[PDB]
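Here's the structure we're looking at; comments come further down.
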There are 2 protein chains.
Amino acid sequence: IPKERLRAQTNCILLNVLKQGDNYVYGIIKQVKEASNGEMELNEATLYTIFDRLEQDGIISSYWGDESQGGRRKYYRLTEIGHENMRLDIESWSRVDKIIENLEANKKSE
Amino acid sequence: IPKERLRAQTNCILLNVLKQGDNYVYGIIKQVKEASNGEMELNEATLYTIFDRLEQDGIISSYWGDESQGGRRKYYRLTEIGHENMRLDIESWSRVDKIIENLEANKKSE
């Protein structure tokens, strides 16, 4: 319950980083540290566990980057399904919020 | 994934009904039908499955109502833990949204 809340919120934050453009682990981790004012310092193990599921479910794809450094670097991209699922999320959840303000309003009536 | 999104959103809507005051199945189902403009017509089986978990985890409590009708009627109440968990949710998720607008802003910088 305290770990389940986080799981969703981490996943949400990570996918929004990939919304800003394709990225690789440390690029993501440093961006998250920055935008969360140091609160959320992500682990590589955590990020890869989450990314390994997301890739399986077709929400993100991985590809090899430019190797003009003399080394491998895995980039991550938000797929088509993942863009769509991200849109439906905002659609569903704003609808929910309309349904809730209607229940707070049906109180005022009754 | 399409069923997991709903599970969370149903749970959220149901707990907000119990925010408006203690209630019993059909009172809840009719209120949800109303505030969702007929879209969400809940099943008793569904509602009770969800409520049986929520009660186990201590988020809601059940009690017997007034029996001046000559019949049993189970009411449901949002517990202390459940009020707190509902507050933390809004706390965490608005923070998340700050973290996201910061990632959409760190783009504009870079």
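Following the order of the structure tokens, first chain is A, next is B, and so on, with residues numbered from 1 inside each chain and ligands from 1 in the order they appear.
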Write down, as a PyMOL selection string, each residue of chain B that has any atom within 10 Å of an atom of chain A, counting only C-alpha atoms.
chain B and resi 1-2+5-6+8-10+12-17+19-21+31-37+40+57+85+88-89+92-93+95-107
What are the coordinates of chain B as a compact mmCIF listing (two decimals) with N, CA and C atoms, in the first residue's frame following a least-squares fit to chain A on all in-order C-alpha atoms?
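This is the output file out.txt:
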```txt
# COMPACT_ATOMS: atom_id res chain seq x y z
N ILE B 1 0.83 -1.25 0.00
CA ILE B 1 0.00 0.00 0.00
C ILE B 1 0.85 1.28 0.00
N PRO B 2 1.90 1.35 0.84
CA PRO B 2 2.83 2.48 0.70
C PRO B 2 3.84 2.28 -0.45
N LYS B 3 4.08 1.03 -0.82
CA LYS B 3 4.96 0.69 -1.94
C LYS B 3 4.19 0.70 -3.28
N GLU B 4 2.91 0.36 -3.23
CA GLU B 4 2.05 0.36 -4.42
C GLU B 4 1.76 1.77 -4.92
N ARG B 5 1.57 2.71 -3.99
CA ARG B 5 1.35 4.11 -4.36
C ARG B 5 2.56 4.65 -5.14
N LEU B 6 3.76 4.35 -4.62
CA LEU B 6 5.01 4.81 -5.22
C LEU B 6 5.23 4.21 -6.61
N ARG B 7 5.06 2.89 -6.72
CA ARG B 7 5.21 2.18 -7.99
C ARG B 7 4.52 2.92 -9.13
N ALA B 8 3.25 3.24 -8.94
CA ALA B 8 2.48 3.98 -9.95
C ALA B 8 3.08 5.36 -10.23
N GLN B 9 3.43 6.07 -9.17
CA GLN B 9 3.93 7.44 -9.30
C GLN B 9 5.33 7.49 -9.93
N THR B 10 6.17 6.49 -9.64
CA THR B 10 7.47 6.40 -10.28
C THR B 10 7.30 6.16 -11.78
N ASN B 11 6.53 5.11 -12.11
CA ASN B 11 6.19 4.80 -13.49
C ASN B 11 5.69 6.02 -14.26
N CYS B 12 4.86 6.83 -13.64
CA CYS B 12 4.26 8.03 -14.24
C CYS B 12 5.31 9.06 -14.54
N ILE B 13 6.21 9.31 -13.57
CA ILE B 13 7.31 10.25 -13.69
C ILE B 13 8.29 9.82 -14.78
N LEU B 14 8.66 8.54 -14.77
CA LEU B 14 9.58 7.98 -15.75
C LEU B 14 9.05 8.13 -17.17
N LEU B 15 7.80 7.74 -17.41
CA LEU B 15 7.18 7.91 -18.73
C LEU B 15 7.09 9.36 -19.19
N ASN B 16 6.97 10.29 -18.25
CA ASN B 16 6.95 11.70 -18.61
C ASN B 16 8.33 12.22 -18.99
N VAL B 17 9.38 11.58 -18.49
CA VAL B 17 10.74 11.91 -18.91
C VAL B 17 10.91 11.50 -20.36
N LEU B 18 10.43 10.31 -20.69
CA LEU B 18 10.49 9.79 -22.05
C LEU B 18 9.56 10.54 -22.99
N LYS B 19 8.57 11.24 -22.43
CA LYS B 19 7.76 12.19 -23.19
C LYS B 19 8.61 13.36 -23.69
N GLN B 20 9.54 13.82 -22.85
CA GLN B 20 10.43 14.93 -23.21
C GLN B 20 11.48 14.56 -24.27
N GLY B 21 11.61 13.27 -24.57
CA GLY B 21 12.58 12.79 -25.54
C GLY B 21 13.21 11.49 -25.07
N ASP B 22 13.69 10.71 -26.03
CA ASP B 22 14.36 9.46 -25.73
C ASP B 22 15.48 9.71 -24.73
N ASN B 23 15.76 8.73 -23.87
CA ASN B 23 16.83 8.90 -22.89
C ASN B 23 17.43 7.58 -22.42
N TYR B 24 18.52 7.69 -21.67
CA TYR B 24 19.27 6.54 -21.18
C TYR B 24 19.32 6.69 -19.66
N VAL B 25 19.60 5.59 -18.97
CA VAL B 25 19.46 5.53 -17.51
C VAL B 25 19.89 6.80 -16.78
N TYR B 26 21.18 7.12 -16.84
CA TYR B 26 21.72 8.20 -16.01
C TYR B 26 21.15 9.56 -16.40
N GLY B 27 20.91 9.76 -17.69
CA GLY B 27 20.19 10.94 -18.15
C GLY B 27 18.84 11.07 -17.46
N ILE B 28 18.13 9.95 -17.34
CA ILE B 28 16.82 9.90 -16.67
C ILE B 28 16.97 10.16 -15.17
N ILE B 29 17.88 9.43 -14.53
CA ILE B 29 18.11 9.56 -13.09
C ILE B 29 18.50 10.98 -12.69
N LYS B 30 19.38 11.61 -13.46
CA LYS B 30 19.79 12.98 -13.16
C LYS B 30 18.66 13.96 -13.38
N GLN B 31 17.87 13.75 -14.43
CA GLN B 31 16.71 14.60 -14.69
C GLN B 31 15.64 14.49 -13.60
N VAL B 32 15.46 13.29 -13.05
CA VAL B 32 14.47 13.06 -11.99
C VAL B 32 14.92 13.70 -10.68
N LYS B 33 16.18 13.48 -10.31
CA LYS B 33 16.81 14.16 -9.18
C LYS B 33 16.63 15.68 -9.24
N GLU B 34 16.82 16.24 -10.44
CA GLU B 34 16.71 17.67 -10.67
C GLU B 34 15.27 18.15 -10.46
N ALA B 35 14.35 17.58 -11.22
CA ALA B 35 12.96 18.04 -11.25
C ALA B 35 12.20 17.72 -9.96
N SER B 36 12.75 16.83 -9.14
CA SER B 36 12.17 16.50 -7.84
C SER B 36 12.93 17.16 -6.68
N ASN B 37 13.78 18.13 -7.00
CA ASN B 37 14.55 18.88 -6.00
C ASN B 37 15.38 18.00 -5.06
N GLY B 38 15.90 16.89 -5.58
CA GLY B 38 16.76 15.99 -4.81
C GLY B 38 16.05 14.90 -4.02
N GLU B 39 14.72 14.98 -3.93
CA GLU B 39 13.93 14.01 -3.16
C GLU B 39 14.04 12.60 -3.73
N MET B 40 13.78 12.49 -5.03
CA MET B 40 13.73 11.21 -5.73
C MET B 40 15.07 10.91 -6.42
N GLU B 41 15.94 10.21 -5.70
CA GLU B 41 17.22 9.75 -6.23
C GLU B 41 17.09 8.30 -6.64
N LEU B 42 16.88 8.07 -7.94
CA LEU B 42 16.54 6.72 -8.40
C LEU B 42 17.73 5.78 -8.49
N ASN B 43 17.42 4.50 -8.33
CA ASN B 43 18.41 3.45 -8.38
C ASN B 43 18.42 2.87 -9.79
N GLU B 44 19.59 2.44 -10.27
CA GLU B 44 19.66 1.82 -11.60
C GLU B 44 18.87 0.51 -11.63
N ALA B 45 19.04 -0.31 -10.59
CA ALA B 45 18.29 -1.56 -10.45
C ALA B 45 16.78 -1.36 -10.52
N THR B 46 16.30 -0.32 -9.86
CA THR B 46 14.88 -0.03 -9.82
C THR B 46 14.40 0.36 -11.20
N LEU B 47 15.08 1.34 -11.78
CA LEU B 47 14.76 1.86 -13.11
C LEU B 47 14.72 0.76 -14.18
N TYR B 48 15.68 -0.15 -14.15
CA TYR B 48 15.75 -1.24 -15.11
C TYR B 48 14.67 -2.31 -14.90
N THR B 49 14.29 -2.55 -13.65
CA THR B 49 13.22 -3.50 -13.34
C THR B 49 11.90 -2.98 -13.91
N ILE B 50 11.64 -1.70 -13.68
CA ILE B 50 10.45 -1.02 -14.18
C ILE B 50 10.46 -0.96 -15.71
N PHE B 51 11.64 -0.70 -16.28
CA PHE B 51 11.77 -0.56 -17.72
C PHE B 51 11.66 -1.90 -18.41
N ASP B 52 12.21 -2.94 -17.80
CA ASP B 52 12.04 -4.31 -18.31
C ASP B 52 10.56 -4.77 -18.39
N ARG B 53 9.72 -4.35 -17.45
CA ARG B 53 8.27 -4.63 -17.54
C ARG B 53 7.61 -3.78 -18.63
N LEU B 54 7.85 -2.48 -18.58
CA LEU B 54 7.27 -1.55 -19.54
C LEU B 54 7.58 -1.93 -20.98
N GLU B 55 8.79 -2.46 -21.21
CA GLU B 55 9.19 -2.87 -22.56
C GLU B 55 8.43 -4.13 -22.97
N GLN B 56 8.33 -5.09 -22.05
CA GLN B 56 7.51 -6.30 -22.26
C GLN B 56 6.07 -5.99 -22.66
N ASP B 57 5.45 -5.04 -21.96
CA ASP B 57 4.08 -4.67 -22.24
C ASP B 57 3.96 -3.70 -23.43
N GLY B 58 5.08 -3.39 -24.09
CA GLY B 58 5.05 -2.60 -25.32
C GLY B 58 4.82 -1.11 -25.16
N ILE B 59 5.06 -0.59 -23.95
CA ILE B 59 4.86 0.83 -23.64
C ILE B 59 6.11 1.65 -24.00
N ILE B 60 7.27 1.01 -23.93
CA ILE B 60 8.53 1.64 -24.31
C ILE B 60 9.38 0.66 -25.09
N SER B 61 10.25 1.20 -25.93
CA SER B 61 11.20 0.41 -26.72
C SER B 61 12.61 0.87 -26.39
N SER B 62 13.57 -0.04 -26.57
CA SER B 62 14.98 0.27 -26.37
C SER B 62 15.74 0.15 -27.68
N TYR B 63 16.76 0.97 -27.84
CA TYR B 63 17.65 0.89 -28.99
C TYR B 63 19.08 1.34 -28.63
N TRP B 64 20.06 0.86 -29.40
CA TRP B 64 21.46 1.23 -29.19
C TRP B 64 21.79 2.61 -29.76
N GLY B 65 22.51 3.41 -29.00
CA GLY B 65 22.85 4.76 -29.44
C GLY B 65 24.11 4.81 -30.28
N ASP B 66 24.42 6.01 -30.73
CA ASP B 66 25.70 6.31 -31.37
C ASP B 66 26.89 5.81 -30.53
N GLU B 67 27.83 5.12 -31.17
CA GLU B 67 28.96 4.53 -30.46
C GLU B 67 30.28 5.20 -30.85
N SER B 68 30.24 6.52 -31.06
CA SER B 68 31.44 7.31 -31.36
C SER B 68 32.23 7.68 -30.09
N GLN B 69 31.82 7.14 -28.94
CA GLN B 69 32.59 7.22 -27.70
C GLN B 69 33.46 5.97 -27.48
N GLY B 70 33.21 4.93 -28.27
CA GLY B 70 33.83 3.63 -28.06
C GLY B 70 33.14 2.89 -26.93
N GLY B 71 31.81 2.89 -26.95
CA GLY B 71 31.03 2.21 -25.92
C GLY B 71 29.53 2.17 -26.16
N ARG B 72 28.89 1.14 -25.60
CA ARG B 72 27.47 0.89 -25.78
C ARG B 72 26.68 1.83 -24.87
N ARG B 73 25.49 2.24 -25.32
CA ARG B 73 24.61 3.10 -24.52
C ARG B 73 23.17 2.88 -24.94
N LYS B 74 22.36 2.37 -24.03
CA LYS B 74 21.00 1.97 -24.36
C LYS B 74 20.04 3.14 -24.20
N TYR B 75 19.39 3.53 -25.28
CA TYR B 75 18.36 4.55 -25.21
C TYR B 75 16.98 3.92 -25.07
N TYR B 76 16.04 4.70 -24.55
CA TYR B 76 14.68 4.25 -24.34
C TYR B 76 13.73 5.25 -24.94
N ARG B 77 12.72 4.72 -25.62
CA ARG B 77 11.78 5.50 -26.39
C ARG B 77 10.38 5.11 -25.98
N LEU B 78 9.49 6.09 -25.99
CA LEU B 78 8.09 5.87 -25.66
C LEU B 78 7.35 5.42 -26.93
N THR B 79 6.81 4.20 -26.94
CA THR B 79 6.18 3.63 -28.15
C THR B 79 4.84 4.31 -28.49
N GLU B 80 4.18 3.77 -29.52
CA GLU B 80 2.89 4.28 -29.98
C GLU B 80 1.83 3.95 -28.95
N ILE B 81 1.76 2.67 -28.58
CA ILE B 81 0.88 2.21 -27.51
C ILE B 81 1.06 3.04 -26.24
N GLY B 82 2.32 3.32 -25.89
CA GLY B 82 2.65 4.09 -24.70
C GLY B 82 2.18 5.53 -24.73
N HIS B 83 2.23 6.15 -25.91
CA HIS B 83 1.68 7.50 -26.09
C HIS B 83 0.17 7.47 -25.92
N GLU B 84 -0.45 6.43 -26.48
CA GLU B 84 -1.90 6.29 -26.43
C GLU B 84 -2.33 6.03 -24.99
N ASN B 85 -1.73 5.02 -24.35
CA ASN B 85 -2.01 4.74 -22.94
C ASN B 85 -1.80 5.94 -22.03
N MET B 86 -0.82 6.78 -22.34
CA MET B 86 -0.62 8.01 -21.58
C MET B 86 -1.76 9.02 -21.78
N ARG B 87 -2.35 9.03 -22.97
CA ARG B 87 -3.45 9.94 -23.28
C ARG B 87 -4.76 9.49 -22.62
N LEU B 88 -5.02 8.19 -22.69
CA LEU B 88 -6.19 7.57 -22.08
C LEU B 88 -6.19 7.77 -20.57
N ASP B 89 -5.01 7.66 -19.97
CA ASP B 89 -4.84 7.90 -18.55
C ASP B 89 -5.41 9.26 -18.19
N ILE B 90 -4.94 10.30 -18.86
CA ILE B 90 -5.35 11.67 -18.56
C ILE B 90 -6.84 11.85 -18.85
N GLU B 91 -7.32 11.16 -19.88
CA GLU B 91 -8.73 11.16 -20.25
C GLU B 91 -9.57 10.55 -19.13
N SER B 92 -9.24 9.31 -18.75
CA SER B 92 -9.96 8.60 -17.70
C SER B 92 -9.95 9.36 -16.38
N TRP B 93 -8.76 9.80 -15.96
CA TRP B 93 -8.59 10.42 -14.64
C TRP B 93 -9.20 11.81 -14.50
N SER B 94 -9.29 12.57 -15.58
CA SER B 94 -10.00 13.84 -15.53
C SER B 94 -11.51 13.60 -15.51
N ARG B 95 -11.97 12.53 -16.16
CA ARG B 95 -13.37 12.14 -16.12
C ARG B 95 -13.75 11.74 -14.70
N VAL B 96 -12.93 10.88 -14.10
CA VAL B 96 -13.08 10.52 -12.69
C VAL B 96 -13.28 11.77 -11.84
N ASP B 97 -12.41 12.76 -12.02
CA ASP B 97 -12.47 14.00 -11.22
C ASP B 97 -13.76 14.78 -11.45
N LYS B 98 -14.35 14.66 -12.64
CA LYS B 98 -15.66 15.25 -12.91
C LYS B 98 -16.72 14.48 -12.12
N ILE B 99 -16.61 13.16 -12.14
CA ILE B 99 -17.54 12.31 -11.41
C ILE B 99 -17.48 12.59 -9.90
N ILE B 100 -16.30 12.92 -9.39
CA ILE B 100 -16.13 13.20 -7.96
C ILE B 100 -16.72 14.54 -7.56
N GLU B 101 -16.49 15.58 -8.36
CA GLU B 101 -17.07 16.90 -8.07
C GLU B 101 -18.59 16.89 -8.22
N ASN B 102 -19.11 15.95 -9.02
CA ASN B 102 -20.55 15.70 -9.09
C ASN B 102 -21.12 15.05 -7.82
N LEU B 103 -20.35 14.18 -7.17
CA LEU B 103 -20.74 13.59 -5.88
C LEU B 103 -20.64 14.60 -4.73
N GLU B 104 -19.69 15.52 -4.83
CA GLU B 104 -19.56 16.61 -3.86
C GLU B 104 -20.65 17.66 -4.09
N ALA B 105 -21.22 17.68 -5.29
CA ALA B 105 -22.31 18.59 -5.65
C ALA B 105 -23.70 17.99 -5.37
N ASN B 106 -23.85 16.69 -5.57
CA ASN B 106 -25.11 15.99 -5.24
C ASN B 106 -25.38 15.98 -3.74
N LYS B 107 -24.32 16.13 -2.94
CA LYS B 107 -24.46 16.39 -1.51
C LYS B 107 -25.17 17.72 -1.25
N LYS B 108 -24.71 18.77 -1.93
CA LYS B 108 -25.25 20.13 -1.76
C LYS B 108 -26.73 20.20 -2.12
N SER B 109 -27.13 19.42 -3.13
CA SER B 109 -28.53 19.28 -3.50
C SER B 109 -29.33 18.61 -2.37
N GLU B 110 -28.87 17.43 -1.94
CA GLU B 110 -29.55 16.64 -0.91
C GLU B 110 -29.13 17.06 0.50
```
Check the DSSP output for the backbone and give back, as a ChimeraX atom specification, the residues of chain A in helix (DSSP H, G or I).
/A:2-19,25-35,44-56,80-109
